[PDB]
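Enquirer: Provided herewith is a single structure, encoded as structure tokens, for subsequent inquiry.
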Amino acid sequence: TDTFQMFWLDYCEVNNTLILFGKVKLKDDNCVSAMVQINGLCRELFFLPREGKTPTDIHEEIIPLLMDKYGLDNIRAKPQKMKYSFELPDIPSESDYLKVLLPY
């Protein structure tokens with residue numbers, strides 16, 4: 001009763017924003033077209049620590065150069081035990097990664 005409800009159908013990418021296209025019901029029960037521009041989306045990057053290193057080390061190294069490279073005041077980052085089971089040979093089955101969210 002207090003939220004904008006839409007039936008999304010298609011999308012587009014523009015100026016690092018995602019816009020969703022859909023339909024909205026009106027007061028007369030009729031549906032008209034509408035669009036939703038989505039800001040604040042972020043990329044999930046997982047940094048794989050070197051043998052003997054820890055995600056806190058990666059936090060201490062690259063996050064400052066990331067703030068430099070993209071000119072961001074703060075960058076949210078956190079570790080996690082992600083599982084890998086794909087064709088890249090050097091990556092182990094499970095490891096503690098540094099999850100870094102860099103906005104688009």
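Going by the structure tokens order, chains are called A, B, ..., each with residues numbered from 1, while ligands are numbered from 1 in the order shown.
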Could you pull out the residues in stretch 24-58 of chain A that DSSP calls strand (DSSP E) from the backbone, as a ChimeraX atom specification?

Expert: /A:24-25,31-38,42-47

Enquirer: With only C-alpha atoms as the counted atoms, please give the residues lying no more than 7 Å from residue A:44, apart from itself and same-chain residues fewer than 6 positions off, as a count of residues only.

Expert: 3

Enquirer: Would you compute the distance between atom CA of residue A:93 and atom CA of residue A:49? Give it in Å to one decimal.

Expert: 13.5 Å

Enquirer: Write out as a ChimeraX atom specification which residues come within 12 Å of residue A:52 when counting only C-alpha atoms, dropping same-chain ones fewer than 5 positions away.

Expert: /A:57-58,95-96

Enquirer: Those selected residues, please, written with N, CA, C and O atoms and delivered as an mmCIF file, in the first residue's frame.

Expert:
data_model
loop_
_atom_site.group_PDB
_atom_site.id
_atom_site.type_symbol
_atom_site.label_atom_id
_atom_site.label_comp_id
_atom_site.auth_asym_id
_atom_site.auth_seq_id
_atom_site.Cartn_x
_atom_site.Cartn_y
_atom_site.Cartn_z
ATOM 1 N N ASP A 57 44.930 -8.676 4.496
ATOM 2 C CA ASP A 57 46.062 -8.147 3.739
ATOM 3 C C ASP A 57 45.608 -7.511 2.430
ATOM 4 O O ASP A 57 46.095 -6.441 2.047
ATOM 5 N N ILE A 58 44.693 -8.165 1.718
ATOM 6 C CA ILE A 58 44.198 -7.605 0.463
ATOM 7 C C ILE A 58 43.421 -6.321 0.735
ATOM 8 O O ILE A 58 43.483 -5.354 -0.038
ATOM 9 N N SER A 95 38.061 -21.256 -0.343
ATOM 10 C CA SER A 95 39.024 -20.313 0.205
ATOM 11 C C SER A 95 38.273 -19.122 0.780
ATOM 12 O O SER A 95 37.092 -18.911 0.495
ATOM 13 N N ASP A 96 38.979 -18.349 1.600
ATOM 14 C CA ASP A 96 38.453 -17.101 2.135
ATOM 15 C C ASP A 96 38.799 -15.973 1.172
ATOM 16 O O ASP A 96 39.977 -15.695 0.934
#

Enquirer: Any chance you could list, as an NGL selection string, the residues in chain A that come up alpha helix (DSSP H) when DSSP is run on the backbone?

Expert: :A and (55-70)

Enquirer: Which residue, A:19, A:50, A:38, A:24, has the smallest gap to residue A:6 when you use only C-alpha atoms?

Expert: A:24

Enquirer: Need to verify the contact set: residue A:84, 8 Å, only C-alpha atoms, exclusion of same-chain residues closer than 6 positions in sequence. Can you return it as a ChimeraX atom specification?

Expert: /A:91-94

Enquirer: Could you write out that same residue set with N, CA and C atoms as a PDB file, in the first residue's frame?

Expert:
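See out.pdb below for the written result:
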ATOM      1  N   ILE A  91      43.034 -22.270  -8.752  1.00  0.00           N
ATOM      2  CA  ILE A  91      42.150 -21.815  -7.679  1.00  0.00           C
ATOM      3  C   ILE A  91      41.643 -23.019  -6.891  1.00  0.00           C
ATOM      4  N   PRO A  92      41.768 -23.020  -5.568  1.00  0.00           N
ATOM      5  CA  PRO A  92      41.376 -24.190  -4.776  1.00  0.00           C
ATOM      6  C   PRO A  92      39.863 -24.369  -4.728  1.00  0.00           C
ATOM      7  N   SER A  93      39.454 -25.481  -4.109  1.00  0.00           N
ATOM      8  CA  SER A  93      38.032 -25.789  -3.993  1.00  0.00           C
ATOM      9  C   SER A  93      37.303 -24.759  -3.138  1.00  0.00           C
ATOM     10  N   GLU A  94      37.896 -24.371  -2.013  1.00  0.00           N
ATOM     11  CA  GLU A  94      37.276 -23.415  -1.107  1.00  0.00           C
ATOM     12  C   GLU A  94      38.360 -22.543  -0.494  1.00  0.00           C
TER      13      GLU A  94
END

Enquirer: Can you pull out the residues contacting residue A:36? Cut-off 12 Å, using only C-alpha atoms, and skip same-chain residues under 5 positions away; I want them as a PyMOL selection string.

Expert: chain A and resi 4-13+17-24

Enquirer: Set the distance at 12 Å and use only C-alpha atoms: which residues neighbour residue A:66 once local chain neighbours fewer than 3 positions away are removed? I'd like the list as JSON, numbers by chain.

Expert: {"A": [58, 59, 60, 61, 62, 63, 69, 70, 71, 72, 73, 74, 75, 76, 77, 100, 101, 102, 103]}

Enquirer: For those residues, write C-alpha atoms to a file as a compact mmCIF listing (two decimals), in the first residue's frame.

Expert:
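And here's selection-v8.txt as it stands now:
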# COMPACT_ATOMS: atom_id res chain seq x y z
CA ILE A 58 44.20 -7.60 0.46
CA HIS A 59 42.00 -5.09 2.29
CA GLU A 60 45.11 -3.21 3.39
CA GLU A 61 46.66 -3.23 -0.09
CA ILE A 62 44.21 -2.68 -2.88
CA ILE A 63 41.29 -0.81 -1.28
CA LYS A 69 41.69 4.90 -9.10
CA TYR A 70 37.94 5.51 -8.97
CA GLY A 71 37.95 8.49 -6.61
CA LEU A 72 35.69 6.88 -4.01
CA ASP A 73 35.57 8.09 -0.41
CA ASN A 74 34.90 4.62 1.03
CA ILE A 75 34.58 1.15 -0.50
CA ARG A 76 32.61 -1.58 1.26
CA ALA A 77 34.64 -4.80 1.63
CA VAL A 100 34.71 -5.90 -2.69
CA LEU A 101 31.66 -4.03 -3.99
CA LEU A 102 32.71 -1.37 -6.49
CA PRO A 103 29.73 0.68 -7.74

Enquirer: Which residue, A:3, A:30, A:80, A:15, has the smallest gap to residue A:47 when you use only C-alpha atoms?

Expert: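 Of A:3, A:30, A:80, A:15, the one nearest residue A:47, counting only C-alpha atoms, is A:80.
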